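S.K.: take these chains first, placed just as they are in the complex:
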Amino acid sequence: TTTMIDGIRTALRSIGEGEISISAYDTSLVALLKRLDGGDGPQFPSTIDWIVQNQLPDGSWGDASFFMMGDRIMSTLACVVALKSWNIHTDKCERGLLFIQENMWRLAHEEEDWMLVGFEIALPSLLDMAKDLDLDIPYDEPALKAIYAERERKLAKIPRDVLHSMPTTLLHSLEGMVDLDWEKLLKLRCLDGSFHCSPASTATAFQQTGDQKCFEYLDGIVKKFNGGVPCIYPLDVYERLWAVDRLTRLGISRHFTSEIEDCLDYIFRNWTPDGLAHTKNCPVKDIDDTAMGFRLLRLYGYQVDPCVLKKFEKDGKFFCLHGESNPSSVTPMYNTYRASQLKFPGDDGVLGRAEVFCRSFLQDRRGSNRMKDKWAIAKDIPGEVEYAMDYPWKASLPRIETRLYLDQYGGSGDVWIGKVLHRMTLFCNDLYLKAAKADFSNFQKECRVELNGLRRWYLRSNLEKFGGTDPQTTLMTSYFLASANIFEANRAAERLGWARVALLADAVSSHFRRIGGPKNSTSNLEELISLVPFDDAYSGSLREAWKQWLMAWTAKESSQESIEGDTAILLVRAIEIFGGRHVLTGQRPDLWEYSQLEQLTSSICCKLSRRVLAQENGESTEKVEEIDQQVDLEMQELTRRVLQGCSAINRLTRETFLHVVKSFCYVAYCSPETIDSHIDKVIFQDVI
Amino acid sequence: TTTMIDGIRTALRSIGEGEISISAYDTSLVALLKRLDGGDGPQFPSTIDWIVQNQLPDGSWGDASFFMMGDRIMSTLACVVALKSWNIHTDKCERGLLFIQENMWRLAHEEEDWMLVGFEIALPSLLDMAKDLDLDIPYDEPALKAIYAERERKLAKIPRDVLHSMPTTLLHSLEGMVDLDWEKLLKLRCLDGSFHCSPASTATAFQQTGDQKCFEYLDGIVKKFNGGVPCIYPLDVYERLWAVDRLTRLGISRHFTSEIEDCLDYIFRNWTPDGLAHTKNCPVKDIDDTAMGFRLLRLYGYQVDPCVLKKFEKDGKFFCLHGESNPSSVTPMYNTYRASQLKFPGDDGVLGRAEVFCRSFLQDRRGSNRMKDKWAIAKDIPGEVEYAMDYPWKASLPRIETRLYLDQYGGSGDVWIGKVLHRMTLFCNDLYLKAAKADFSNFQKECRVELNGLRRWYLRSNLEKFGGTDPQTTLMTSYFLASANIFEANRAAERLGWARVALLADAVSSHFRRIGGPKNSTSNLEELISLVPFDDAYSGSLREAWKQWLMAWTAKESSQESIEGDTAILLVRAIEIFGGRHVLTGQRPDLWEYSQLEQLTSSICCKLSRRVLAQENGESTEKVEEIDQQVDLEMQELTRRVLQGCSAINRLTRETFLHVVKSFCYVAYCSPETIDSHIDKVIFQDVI
């Protein structure tokens, strides 16, 4: 009920470190260690106290909600070569490798998509030491003549100079590389002690170089997890970004105003002009973390340098990694195109050069299956992308996709791959949906009785008579854009009062052209403003805006520009009376930048409505994308005042300036068919 | 009864466009119309199937519970000149033509004006198509040239030329009008195309001009309405406008408040300034259907206007018809007496000009037996209007109007007038009488058990130490005035609060009628009220109204005003706190609705008691008329505030102000010998 929001709070009140599934391939690699005394033997025999309980009837390991033997082989032969060194509990290995003989012909049958890290590289390092004990296993195999022969055709191409002088990503999987040096390569480590944040790449060196200061990397893991080891630790800032990236896309984050910035507190201290990574103590950066942080650092309003992308592109090619090539997966280029829209005109042109890459990169790849990822599997990854390419940030309502994000999100039925596949429950649950399919569902419930209540007032106050062809389609259109922006149950008085004066100014806009302007109108028009009920805290200064609005028609008598943008000054000034909020009076730049914001908001809709008249004449395109090349810069200049804290006017009045003008950008970018779908999706058809 | 209480709901929510009987004369006019697709027989064979198989073996056609051959010859002679003409089952032609020629002698001695509309002009239209078949038709009858003389006087009462400049109501029976210009007719039809919305016009249309649009109308009401033609379709603004007039007059409408709101809006969706017809799209409109729905909509807080009644004032006259001055029935003028009872002083005086007409129109024809009802046969014409005219709206109680209403309605016991004696089955069903009279029957036990329940309270509380004149008449009349305004069973509790605390104020009146007041009585009477059924939910609430009332007995002592101007505010102050509903703080007009209301009722009953202190004193009627014309004007504004839709004050808190002065306005206009004739009816002489 309400405690589901409490449970995520207590799952966020205690953020120490990551929630990752405990792995088994490196559990054999840590359990294969002699004691420093040597009498105790294995160092942490809790690993044996974990394996003989975490097991299924075929003796197998891992993907207990799936089936993939290509990783499961790497935990079924590793667990038995750890079971014959100390040579305890020989009861289920002889059946646990006998099942592999049943499926030693099921090896080469998985697709090109699932090729794990260390596959042709780190797996033959298991096999030649498996036969060090010479257990009953088919060594040669005609299916294995790919990982055998093209072992070298993966590794002999990289030079031994660049791996003995320069730090690159090959320090994670290092068992496949042999005859290396330890004394000259020990100054190119990670910061906490690891070799690229993987304990196997410590344990491959702890056997030759017993670095006691690196023993405390593993000893700290078996103390914190109380036995057992996962494949990657730590994941502190990988945890933080994927927490909040789900939260604002799901739409439950607005209860957590204390907590949401607290993650952003840890990022702004560790932000650098070079980049950031999965953990903080890793040198080799990438593209994902620099990009997706910037879309979340800038959004809540922290000034963040937009020049970090200059490292991660070269020669007109935006690479996924520093110093190493990539067959470009979608999971960089999705969120790289997402942060390619929050731009300011004062920024560097590298942000311009990114979106001219990804749109050329993602438009063509929609037909064939090149949009798949080699590192994930989930319910709908590409379905989000086709929405993001055609619905930009400038015209998206903040409610339409929040309904659609439910229809694309699997939850904890989605698995990440690595060396060993795993899940993340501080990140994905079946509970974030339970919070979302509770509060959004009753919001969908509690708002459709409001339009039921908003119906009859329109049909009783004598105003429905004239205007359009039918009242009902204008009634549901005017409440959609007036409630998709403000969606919480405490500001309904602003919400419904918006939608009323929305329907007031347009049926009288219809009435003036039907008589030909205000030259031959005789009925008094300042008395229609009283059909809104009298309240004391609101309706005093409300009527002052309608009076000053009336003379814009006498101003636009015999002058042939459109009259849409000045009607936005109705909405942007009436609504704040329903919030009872002045500007802060005594501060003159507060007086200034409100007026500076009022001008540009009135200036978008002159450009937009003239475009709609220019396009519906069937005129050519080389002028109507010029209007798109004219309002692309008056949209981003609107953002710099909103996002950056340009003066001390409180944020509450600043969302609404953007909340009105995005709605007018939405009407002029959706055909009259496709909004009638979105009305039918988010309002009526209930979730569960 | 849940079969019947929901049974009205399930029947009155399946409202199509009415349910009326199949005609026997218009169905004859469409049966002779053949196919047009190169066929052999009729276009509509299932209408002649309804002709063949419905018939009652007495020989005639028409209605079942009436024998007026003024209807039957239109139902026989037109019907038998069709199926013989198509030569389809002429076996039953002699079956019908046998009994006519020896029973058509009764046509000579008929009644003057129980004749069908357009009977005297459509029967000579049958003669040229009867001698087309030339059966043994005895034309020798004095009802033949005497209507020929009326026919050529109807070729002298209708004009040819000026008729095309404006439509008139004779387009419902236009078979007596032939050989005219038809492209001048084409711009004189409604959007159904059928002239005066009647199917008989289109039979003449397919002799000249094969328009598709006058065909699909007739084809849809046979092929989708399952054979046979009605007399006028549709009937949507007659079946909704009268069923709300009938069901609310029963008084059992309280269980249907979800439903009466909707059909009233379809009245308002069809609201026009030039009136409301018997159908939705008629190009001609009446006054009686106009000035009835006007009255009902004002009685439910809607926004109406009586400025639309300058369109039937015939220079100080009124008529049912728009252009002609024919002698009408009483029910146009009966309805305009109902609507001119209540008004607001911001209007035209046309309702004054009509009420001085509608009294003086009905004043003489009450005194004689001139109760001619030309368009409706019903049970009790003069006795109902004798209740309506000889009892005013200011003293019209909601229960001495429903107890009398179980006397005049029959349900199936009516028959309606059109071109065919037809019937309705929706609002002319007596199935409600198995419910509503049983609702009064369980109402009668719902008031009987508290007759004795307030007898024993008068003894056990012992108020007879200063009781007064006569208990059993005055305990009853206090409960007559308390049960004649609140009778819903969920609110049966606070009704007993009314009749109880009223007599307490009558008791201390009989204490202070002769002992002066506070200057001779040291009696406290503070906690002496608390012999009432008393809760802590009335923790102080009765005491502050009490001592303020005794302060009026203190202050107005040795004055000469009425000491019932304080009792009137006291009762509703007592009634509401028994019912337990509070006002909000709200805006300033909300108490301004309150504080202007309580001045009006404190002025009227103080004014009203002057007349009771004048009639028995026997003074001049100039003072009587100058105490009546003043007390009517205080009423005429007062009724607006209790009957608006714009009231911020709560709904049921409003009409309680109306109810208590209604009892004050009643008993000043009645005698004790007319009052027992109401007491023995609504309490003692039960139904059934």
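M.R.: That came in fine, so what should we check first? Numbering: from 1, shown residues only, chains lettered A, B, ... in the order given.

S.K.: quick check, residue A:42 in contact with residue A:30.
M.R.: No - here residue A:42 does not reach residue A:30: they are 9.3 Å apart, not a contact under Cβ atoms under 8 Å. Just so you know, the C-beta spots here come from the backbone N, C-alpha and C atoms, and that holds for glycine as well.

S.K.: ok, those two, which is more surrounded?
M.R.: Neighbour comparison, residue A:42 and residue A:30: the larger count goes to residue A:30, with 22 against 18 (by other Cβ atoms under 10 Å in any protein chain shown).

S.K.: is it true that that one touches residue A:218?
M.R.: Yes - using Cβ under 8 Å, residue A:30 is in contact with residue A:218, at 6.0 Å.

S.K.: give me the common contacts of these two.
M.R.: Residues touching both residue A:30 and residue A:218 (Cβ atoms under 8 Å, 6 or more residues apart in numbering or on different chains): A:199, A:203, A:229.

S.K.: residue A:530: what secondary structure?
M.R.: What DSSP: H, G, I helix; E, B strand; the rest coil gives for residue A:530 is helix.

S.K.: number of nearby residues for it?
M.R.: Residue A:530: 11 surrounding residues under other Cβ under 10 Å.

S.K.: so residue A:534: helix, strand or coil?
M.R.: Under three-state DSSP, residue A:534 falls in the coil class.

S.K.: how far away is it from residue A:542?
M.R.: Using Cβ to Cβ, to the nearest Å, we find residue A:534 at a distance of 10 Å from residue A:542.

S.K.: neighbour count for those two, which is higher?
M.R.: Comparing residue A:534 with residue A:542 by other Cβ under 10 Å, the one with more neighbours is residue A:542, at 18 against 15.

S.K.: mind listing what the more buried one touches?
M.R.: A:529, A:532, A:574, A:577.

S.K.: what does chain A put close to chain B?
M.R.: Within chain A, the positions near chain B by Cβ under 8 Å from any Cβ of the partner chain are A:456, A:459-460, A:462, A:533-536.

S.K.: select only the buried ones of these in ChimeraX?
M.R.: A single ChimeraX command selects the buried members of the residues of chain A next to chain B (16 or more other Cβ atoms under 10 Å in any protein chain shown):
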select /A:459,460
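
S.K.: what is the nearest of the residues of chain A next to chain B to chain B?
M.R.: Chain B lies nearest to residue A:536 out of these, by Cβ to the nearest Cβ, at 5.2 Å.

S.K.: measure the closest residue to the closest one other than its chain neighbours to residue B:652 for me?
M.R.: Computed as Cβ to Cβ, 6 or more residues apart in numbering or on different chains, the closest residue to residue A:536 that is not its neighbour in sequence is residue B:587, at 5.2 Å. Going from residue B:587 to residue B:652 by Cβ to Cβ gives 21 Å.

S.K.: of the two, who's got more company?
M.R.: More neighbours surround residue B:587 than the other of residue B:587 and residue B:652, with 15 against 11 (other Cβ under 10 Å).

S.K.: my guess is the more buried one meets residue A:540, correct?
M.R.: No - using Cβ under 8 Å, residue B:587 is not in contact with residue A:540, being 11.5 Å away.

S.K.: top of the contacts of residue A:542 by neighbour count?
M.R.: Neighbour counts for these (other Cβ under 10 Å) peak at residue A:574, which has 26 neighbours.

S.K.: from chain B, how far off is residue A:543?
M.R.: Computed as Cβ to the nearest Cβ, to the nearest Å, the residue A:543 to chain B distance reads 15 Å.

S.K.: got the contact list for that residue?
M.R.: A:526, A:529.

S.K.: that one belongs to a strand?
M.R.: No - Residue A:543 is assigned helix when assessed by three-state DSSP, not a strand.

S.K.: any idea how far the helix ranked longest in chain A is from the chain center?
M.R.: Secondary structure of chain A per DSSP state H: the longest helix is helix A:588-616. Between the centre of helix A:588-616 and the centre of its chain there are 31 Å (Cα atoms, centre = their mean, to the nearest Å).

S.K.: onto the same structure, chain C please:
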Amino acid sequence: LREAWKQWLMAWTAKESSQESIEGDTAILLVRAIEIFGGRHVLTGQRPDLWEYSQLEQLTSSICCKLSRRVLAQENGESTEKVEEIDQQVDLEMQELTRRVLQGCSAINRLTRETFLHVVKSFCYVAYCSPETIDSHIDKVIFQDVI
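M.R.: Once chain C is put in with the chains from before, the structure reads:
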């Protein structure tokens, strides 16, 4: 403010054809107006207090009309018997009005109750002060300076 103007304007059409004057609600136009310019909101969250603010307008409005036919007969004196009798009906309606404003066992604030006293005292004094005297009061209080 302007609804009380609208409530005063609709009360014109109440006595549009009647024989009364507009004085019995001109004060209600003014006793409401001091609460506006001043923001003095009433607390009707309790039932007996709203029963008193309604009752406070009961006393004033009858006085204003009983003074109205007083002064229009005062210029005439067509019934000199009732001239010394209308005002002996008036005073014992003032006698109860000046009770409830002066007393304190109510729940209304102190400063807003004498506003009821302030309107009728401005109203009653000009009914008893001749036009020869109302000017002779003004000059020697507000124009002819002290010290």
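
S.K.: back to the neighbour count of residue A:530, now that we've got chain C?
M.R.: 12.

S.K.: doesn't residue A:471 make contact with residue A:507?
M.R.: No - with contact defined as Cβ under 8 Å, residue A:507 does not count as touching residue A:471 (9.0 Å).

S.K.: that older thread, what residues of the longest helix of chain A count as buried?
M.R.: Quick answer for helix A:588-616 (16+ other Cβ under 10 Å): A:590, A:593-594, A:597, A:600-602, A:604-605, A:608-609, A:611.

S.K.: can you put those residues in JSON lines and add distance to residue A:315?
M.R.: Output for these, formatted as JSON lines (distance: Cβ to Cβ, whole Å):
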{"residue": "A:590", "distance to residue A:315": "47"}
{"residue": "A:593", "distance to residue A:315": "41"}
{"residue": "A:594", "distance to residue A:315": "46"}
{"residue": "A:597", "distance to residue A:315": "41"}
{"residue": "A:600", "distance to residue A:315": "38"}
{"residue": "A:601", "distance to residue A:315": "41"}
{"residue": "A:602", "distance to residue A:315": "44"}
{"residue": "A:604", "distance to residue A:315": "37"}
{"residue": "A:605", "distance to residue A:315": "42"}
{"residue": "A:608", "distance to residue A:315": "38"}
{"residue": "A:609", "distance to residue A:315": "43"}
{"residue": "A:611", "distance to residue A:315": "37"}
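
S.K.: before we move on, the earlier item: show the subsequent helix or strand relative to the longest helix of chain A.
M.R.: Following helix A:588-616 in sequence order, the next helix or strand is helix A:624-631 (DSSP states H and E).

S.K.: what's the following helix or strand after that next one?
M.R.: Note on helix A:624-631: by DSSP H and E, the next helix or strand toward the C-terminus is helix A:633-643.

S.K.: residue closest to the middle of chain A?
M.R.: With distances taken as Cα atoms, centre = their mean, the residue of chain A nearest its centroid is residue A:245 (4.1 Å).

S.K.: return the set of buried residues in the helix or strand containing that one.
M.R.: Per DSSP H and E, residue A:245 falls inside helix A:236-250. Within helix A:236-250, the residues that count as buried by 16+ other Cβ under 10 Å are A:236-248, A:250.

S.K.: which helices and strands does that helix pack with?
M.R.: With contacts defined as 3 or more Cβ pairs under 8 Å, 6 or more residues apart in numbering or on different chains; DSSP states H and E, helix A:236-250 has these neighbours: helix A:257-270, helix A:288-300, helix A:400-406, helix A:432-458.

S.K.: in the longest one, what counts as buried?
M.R.: By neighbour count, with 16+ other Cβ under 10 Å as the criterion, the buried positions of helix A:432-458 are A:432-433, A:435-436, A:438-440, A:443-444, A:447, A:451, A:454, A:457-458.

S.K.: how about the secondary structure of the closest residue to chain C within the stretch 551-688 of chain A?
M.R.: Residue of the stretch 551-688 of chain A nearest chain C, by Cβ to the nearest Cβ: residue A:580 (14.9 Å). Under three-state DSSP, the three-state class of residue A:580 is coil.

S.K.: just to check, it is in contact with residue A:539?
M.R.: No - at 11.9 Å, residue A:580 and residue A:539 do not qualify as touching, with contact defined as Cβ under 8 Å.

S.K.: those two: which has the busier surroundings?
M.R.: Between residue A:580 and residue A:539, residue A:539 has the larger neighbour count (other Cβ under 10 Å), namely 17 against 10.

S.K.: show me the contacts for the closest residue to that one other than its chain neighbours.
M.R.: Nearest non-adjacent residue to residue A:539, counting by Cβ to Cβ, 6+ apart: residue A:532, 6.7 Å away. Applying Cβ under 8 Å, 6+ apart to residue A:532 gives the contacts A:497, A:500-501, A:504, A:539, A:542.

S.K.: look up how far residue A:578 lies from residue A:532.
M.R.: Distance of residue A:532 to residue A:578, given as Cβ to Cβ: 10 Å.

S.K.: okay, and the common contacts of these two?
M.R.: Joint contacts of residue A:532 and residue A:578 (Cβ under 8 Å, 6+ apart) are residue A:497.
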